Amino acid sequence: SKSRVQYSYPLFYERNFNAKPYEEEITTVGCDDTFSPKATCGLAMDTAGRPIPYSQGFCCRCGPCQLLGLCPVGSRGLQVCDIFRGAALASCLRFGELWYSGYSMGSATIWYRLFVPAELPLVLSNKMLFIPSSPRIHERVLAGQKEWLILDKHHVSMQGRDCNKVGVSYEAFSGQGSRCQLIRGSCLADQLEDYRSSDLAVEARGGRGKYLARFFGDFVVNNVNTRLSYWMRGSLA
């Protein structure tokens, strides 16, 4: 007669997020950062053949990094002063092999069959669910729910205009103030890979994981009419 309490949330696809974006450095004719296909990083294009703004990266020369103790250790410009002075180095935003699908979530809707509940349903509205989506044949994609991640929307940059957030893109990468006097790889911190790695390490240390979906509970994704559901511990009142 009695059934278990169920909590379902509607899933809303947002975009694909790269697991670990990285900065490729190209040694240099000379360094070209012009909005043309002649650029060192090269121009990226949408499926319509339109150039993606800020995709050509930027060049960095020694510059004021010449002056002892002005630029921080490991900065873009400083690397030119030391190994390639006179020349310029291209900073290119590149995307890793692995990609995740980002889903926004709605409100929890209770379910039963034969009122105050035992456990209160978790707020998933202000969070985002990440599921490995490509290259498909990849270990992580095959690994299923084990590899899903759940982050607060605060850690996500939807449009990619914000540095050190999930979904960071060309707009945030160039457009960094004083970019050449900044550390190599700046802006590409706190990514999905970092969120996973931080959990796996803390887990091996016998600590509480905070990002992977498994630390939130055991879920089920059904393609009805798509929803994300979990079973509440306990029973009806």
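Just count from 1 along the sequence shown to find any residue number.
The deposited sequence places no unmodelled residues between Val73 and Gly74, so the chain runs continuously there.
According to the record, no deposited residue between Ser197 and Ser198 is left without atomic coordinates.
The mean C-alpha temperature factor is higher for 203 to 211 when 203 to 211 and 170 to 178 are set side by side. The PDB entry reports B-factors from which the mean C-alpha value can be compared for 51 to 59 and 29 to 37; the larger average falls on 29 to 37. As recorded in the entry, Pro117 carries the highest CA temperature factor of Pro117, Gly77, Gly160, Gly102. Of all the options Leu129, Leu93, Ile83, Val156, the entry's greatest CA B-factor is assigned to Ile83. When the modelled residues of the chain are ordered by their C-alpha B factor, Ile137 lands in the highest third. Split the chain's modelled residues into thirds by C-alpha temperature factor. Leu149 is in the lowest one.
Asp218: CA B factor lies in the highest third for its chain, per the PDB record. Among the modelled residues of the chain, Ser107 sits in the highest third by CA temperature factor in this PDB entry.
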